[PDB]
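# Analysis of the macromolecular model
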Amino acid sequence: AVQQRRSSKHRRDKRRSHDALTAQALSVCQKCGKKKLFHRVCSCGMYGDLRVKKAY
Amino acid sequence: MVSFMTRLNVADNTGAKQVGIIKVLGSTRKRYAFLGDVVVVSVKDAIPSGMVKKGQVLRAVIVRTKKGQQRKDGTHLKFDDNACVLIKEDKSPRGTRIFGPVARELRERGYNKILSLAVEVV
Amino acid sequence: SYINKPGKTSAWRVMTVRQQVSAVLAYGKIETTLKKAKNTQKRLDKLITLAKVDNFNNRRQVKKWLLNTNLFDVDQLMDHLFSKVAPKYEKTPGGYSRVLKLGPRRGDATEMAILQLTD
Amino acid sequence: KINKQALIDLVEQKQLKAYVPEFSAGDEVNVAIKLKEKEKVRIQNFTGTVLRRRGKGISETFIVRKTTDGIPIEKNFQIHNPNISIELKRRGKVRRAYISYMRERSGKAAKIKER
Amino acid sequence: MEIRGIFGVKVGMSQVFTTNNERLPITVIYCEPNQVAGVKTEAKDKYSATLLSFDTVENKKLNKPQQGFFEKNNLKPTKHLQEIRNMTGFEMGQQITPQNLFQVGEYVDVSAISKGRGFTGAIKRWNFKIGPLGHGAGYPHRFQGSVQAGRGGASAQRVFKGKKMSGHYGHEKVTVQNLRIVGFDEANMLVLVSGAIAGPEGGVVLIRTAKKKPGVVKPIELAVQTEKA
RNA sequence: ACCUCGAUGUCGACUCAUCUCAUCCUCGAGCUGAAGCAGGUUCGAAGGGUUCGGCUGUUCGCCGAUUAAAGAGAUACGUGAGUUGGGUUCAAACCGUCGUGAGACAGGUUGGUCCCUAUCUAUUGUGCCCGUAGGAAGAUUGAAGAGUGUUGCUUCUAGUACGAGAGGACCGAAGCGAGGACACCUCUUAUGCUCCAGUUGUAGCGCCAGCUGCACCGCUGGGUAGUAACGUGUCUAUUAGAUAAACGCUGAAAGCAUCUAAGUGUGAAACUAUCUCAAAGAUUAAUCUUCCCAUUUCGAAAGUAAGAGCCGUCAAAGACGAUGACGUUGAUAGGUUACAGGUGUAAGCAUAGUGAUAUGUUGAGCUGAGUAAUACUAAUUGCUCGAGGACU
RNA sequence: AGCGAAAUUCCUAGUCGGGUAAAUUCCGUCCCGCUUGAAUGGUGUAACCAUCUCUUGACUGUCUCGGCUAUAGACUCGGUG
RNA sequence: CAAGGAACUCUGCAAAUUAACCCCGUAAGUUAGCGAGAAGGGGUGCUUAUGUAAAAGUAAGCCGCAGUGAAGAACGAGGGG
Ligand SMILES: [K+]
Ligand SMILES: [Mg+2]
Ligand SMILES: [Mg+2]
Ligand SMILES: [Mg+2]
Ligand SMILES: [Mg+2]
Ligand SMILES: [Mg+2]
Ligand SMILES: [Zn+2]
């Protein structure tokens, strides 16, 4: 099944309205400073005041 | 659930060893006969000294079913082979003697004759 | 379509569980996918709880799961478990392990998670 | 507020029988039935071997398989049912909990009794 | 009319034996006493109804406008509020129990949010039939039939509004009428209904007086045992 | 022979139906060469229902057995971007017949490739944004709508009325069903791949026993939760208004007769409601209740102590989003503990036995999701959006 | 001669018998063979056939009538496109 | 995948049953070779002793729902062109 008429530059742009991205939530790890995405462990390897990994 | 074209044993003395359902009676698309439903059948094997020859269309009352059915009281009566007795036009069997047990659920529909001739009702 | 890979058959899932529990007991940390980690945790906990009594029946029942690793072989890993890992946890009711979420992977944007176990 | 679903079990204690003898799969019991057409309740006895003993409360059920004139009938009763009474005669040896293989085992297939 | 109603949570299903030599399946419904939270009168609000609050909860786990409504109206806080049309014989601030509404063996109807069955296809949804599988009947053989209405501009040239195709099924309200009530239990604030009640084990279940048979009652007793040894 | 040959796919079946009435049944009424039963025909009525099979490529048909009945038609003689290819009609082959011949024949026969990942519209579901002139949470009315509507058999009324006699009811009540629909899983059943037991083979854990992979999950017997039905409950009633055909009461014009002109009625499965569902995006934007908020120093930009979102744990939900519960003041998932249900007497030990193995410890051990407690692990010592009601 | 509604027969779904509850197909049979027919062979024939055609036992999800499970897709996220 | 078991259908297309080895028994018809693996049935596991030179077999005993325990092994009869 093919298009019978080309979908113009107007209909296409409207479809992509819902394609925009979301800014993912960001938290600031305590025990160092940086913006780790929230509910993860930052590159410190420290999650909260507990150690779960190596230096970076 | 005895269905259309279901060969079911005969449990009387009319010499109709094998009989095949031909049209489950009672309303449109009945498509299933439980205990006590009168069906119309056709004999496909007999014995020479028998009052029904091969090919006659007759009517039958089913007594034993393999699927069985849930009774009102909660007991669930289930047999192992399907049986039918051959009736003649009001309630009365064409056979003098009935073989094997017979399910009670014929009692209220009628066929007080068929239950009486039975060895033992269940 | 027709010819297709065997895929995640139930045997694949259970064998992955066995390999990962062997790996986590051997070293003490795993860096895997989150949604395999939440599934490994259950079997991990069940083993460690089944392993606090040390009769030979428990040895048989745990032999059904473990696999040998580069650090420890299976009959070495059993001794390593029952000597130091299992008795360490003998007083904790449940909660033998943790699964914490790492950053998304560059290859697939999967949710890497670390599985470990500490008192 | 909060539920236990031991309430389901609680309401069923309103009708549970007191004795309810215990019998495993392969046992030979007589289950006496009360029947009431109009009056003078007749007791039809129905003896036979048991097959299955499923049940989880007020809904314990059991299968009884009898043979009349070479024709076998299996009948399923509800244990905690008024209008049914159960007596145990012989207790049989068995390795299974639902002996379905008796649907195709004719005469000379009888459980050895238990000591 | 004088419609009577009550709410509960469906706790599960079992069976119980009665006189008349009959086995009766049962649903068990936990009914905490409710509380009228508003009464609508015919003249004042153009209709009549009674607003019932139920599933009592701690004040903390409750939104602020609702807890303010409850404190101002002198009630116990409740998670749920819903109302029944044409309930009249009641006043404000009163506790209502099922024992005070329904006879021992009379006829009710039950509404409940059904069991969400997922995005399901036409043949399970609309009881349609399945194209034959023998004789090699081509790979789309589980479909909604032909949706045709007319070919060519004269005839129909479209699909009819309100067709029958696949979609969402379950998690929608349904009601079973003329289901009798067997018995009660004041100790557990619990009620027994005949038949099978829509909704999952643990949902919310509304009972109203059946419209088909409003006052009709036919008593049904129980089957106390007399076999002990 | 007017569009279509720079292609509008053609018979029949399957699936799905939809619509018309000139009606097959169900319903109401008249006339009868209508005693009763059963009919014959005409009037109104399209709400619903309107079989299964043999033979045939079949429609059509003939025939069997049913049923209340087995309607006539339309929709590109509906429906191949849904299915099939049996038939017609490609090439191969053959009999009959025609032709000297190549070959031909709505004459027959055997065999013979049916493509498409949907852009718009339509439609079924489910959402995002915005609006509804403060902002949010809840509860409502219901304009405009959708869905369902079929019916028999038995008993009594009563062998009463009717009739000579066979035979035999209207009106009405009760019971049991068939088909169709809505849910549910206590019972019966099918399933049920991280459940239980038996069990073959080979290779491994060094050996025995005991286990693991592999073979349709290796095979077989059971099966929790879930999911469905062949299963079990409920429904397919009832009442009211306005009516068509028909019947009228009074009653004239046309001193009588006359259902109509005024007035006043009876009346059907149709119709409008009653019943089930959904519904204020009904921009004609409704109603009620509660909650929160009034500044700034020159329209700004400050932007809630009410709430919503991101994020995490999730299932009563689930295609993704959405719905719904919970986020340390916590029982949302996982784990642990106790239990249910399911399997059905573990492994090891001792006795008998030459041995397979039986017997006692032992209704034992095991157990995915089930029930309920239990903060041990994971739901962070975070982020954003957002109020001053503009005028009559 | 033989054979004959046939791979040949239009009327023809010929008649009759069997099968079948029911049989435009099937087996046998009669013959106004529209136009059968003797090396473009006729008539029989055991074995054989990925051949055709019909009846039948067992057999089964072909079907009354539809259900459940597991995978790979499908659907969602990241990458190429 | 219960009950039914070819009713769907153009046709039993597809799918299903039998399945190796060992022991009985095996019709009509015919070119007298075949038909025929015809049809139709039974046994199969482990232990002990006997078995012969190994083994098949034999008798007794034991377990299971079932013993080429899984996989890989013919479905068949009758008439016609
Ligand atoms: K053309
Ligand atoms: Mg064009
Ligand atoms: Mg997009
Ligand atoms: Mg194809
Ligand atoms: Mg196609
Ligand atoms: Mg992508
Ligand atoms: Zn840091």
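What this report covers is the structure whose coordinates are included nearby. (Residues numbered from 1 in each chain as written, not as in the entry; some residues may be left out. Chains lettered and ligands numbered in written order. Part of a larger assembly, values for the part shown. Heavy atoms only, no water. Residues with missing side-chain atoms left out of burial classes, pairs and counts.)

### What to know about the overall build of chain A
So the rule is basically this: Only DSSP runs of H or I covering at least 4 residues are called helices, and only runs of E covering at least 2 are called strands; the numbering of each starts at the N terminus. C-alpha atoms define the radius of gyration in this analysis, and the globule rule sets the expected value at 2.2 Å times the number of residues to the power 0.38. By definition in these notes, contact holds between two residues if any of their heavy atoms fall within 4.5 Å.
Scanning chain A from N- to C-terminus turns up 1 helix and 4 strands. In chain A, the succession of α and β elements from N to C terminus is α-β-β-β-β. A globule of 56 residues ought to have a C-alpha radius of gyration of about 10 Å, yet chain A, at 22 Å, is considerably larger. Projected onto its principal axes, the C-alpha coordinates of chain A cover approximately 60 × 20 × 15 Å. Taking the contacts inside chain A whose residues are at least 6 apart along the sequence as the reference set, 0% of them involve residues at least 24 apart.

### Details of the interface of chain B and chain E
Where we set the bar: By buried area we mean how much accessible surface two parts lose on assembly, using a 1.4 Å probe and totalling the loss over both. Here a salt bridge means any side-chain nitrogen of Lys or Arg lying within 4 Å of a carboxyl oxygen belonging to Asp or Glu. Nitrogen and oxygen atoms within 3.5 Å of one another constitute a polar contact, given that in protein one can donate a hydrogen and the other can accept it, and given that sequence-neighbouring residues count only through two side-chain atoms. Under the scheme applied here, ten amino acids are nonpolar (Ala, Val, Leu, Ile, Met, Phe, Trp, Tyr, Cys and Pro), four are charged (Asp, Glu, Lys and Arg), and all others, including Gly, are polar.
Tallying the contact residues gives 4 residues for chain B and 4 residues for chain E. When chain B packs against chain E, close to 330 Å² is buried across both sides, 37% of that on carbon and sulfur atoms. In terms of surface lost to chain E, no three residues of chain B exceed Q70, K72 and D73 of chain B, which account for 89% of the buried area on that side. The interface formed by chain B and chain E contains 0 salt bridges. At the junction of chain B with chain E, the criterion picks out 1 residue pair in polar contact. Per-class residue counts for the side of chain B that touches chain E are no nonpolar, 2 polar and 2 charged.

### Some words on the pairing of strand 10 (residues 173-185) of chain E
Look at any regular strand and the pattern is simple: side chains alternate between the two faces of the sheet. Residues and elements named next belong to chain E. Which entries qualify depends on this criterion: Any two strands are treated as partners once DSSP identifies two or more bridges connecting them.
Two elements, strand 7 (residues 107-113) and strand 10, share 6 bridges in a ladder whose sense is antiparallel. Among the inter-strand pairings, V110 is bridged to a residue of strand 10, identified as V176. One ladder, built from 4 bridges, connects strand 10 with strand 11 (residues 190-194); its direction is antiparallel. Among the inter-strand pairings, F184 is bridged to a residue of strand 11, identified as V191.

### Some details on the protein's contact with RNA strand G
How we decide: We call a residue near a molecule or strand whenever a single non-hydrogen atom of that residue lies within 4 Å of it.
If you check the shell around RNA strand G, you find 24 residues, and the closest are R31 and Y32 of chain B, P6 of chain C together with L133 and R142 of chain E. Among all atoms of RNA strand G positioned within 4 Å of the protein, those belonging to sugar or phosphate total 79%. Between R13 of chain C and RNA strand G, the recorded distance is 3.0 Å, taken from a side-chain N or O atom to a phosphate oxygen. At 2.9 Å, a side-chain N or O of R142 of chain E approaches a phosphate oxygen of RNA strand G.

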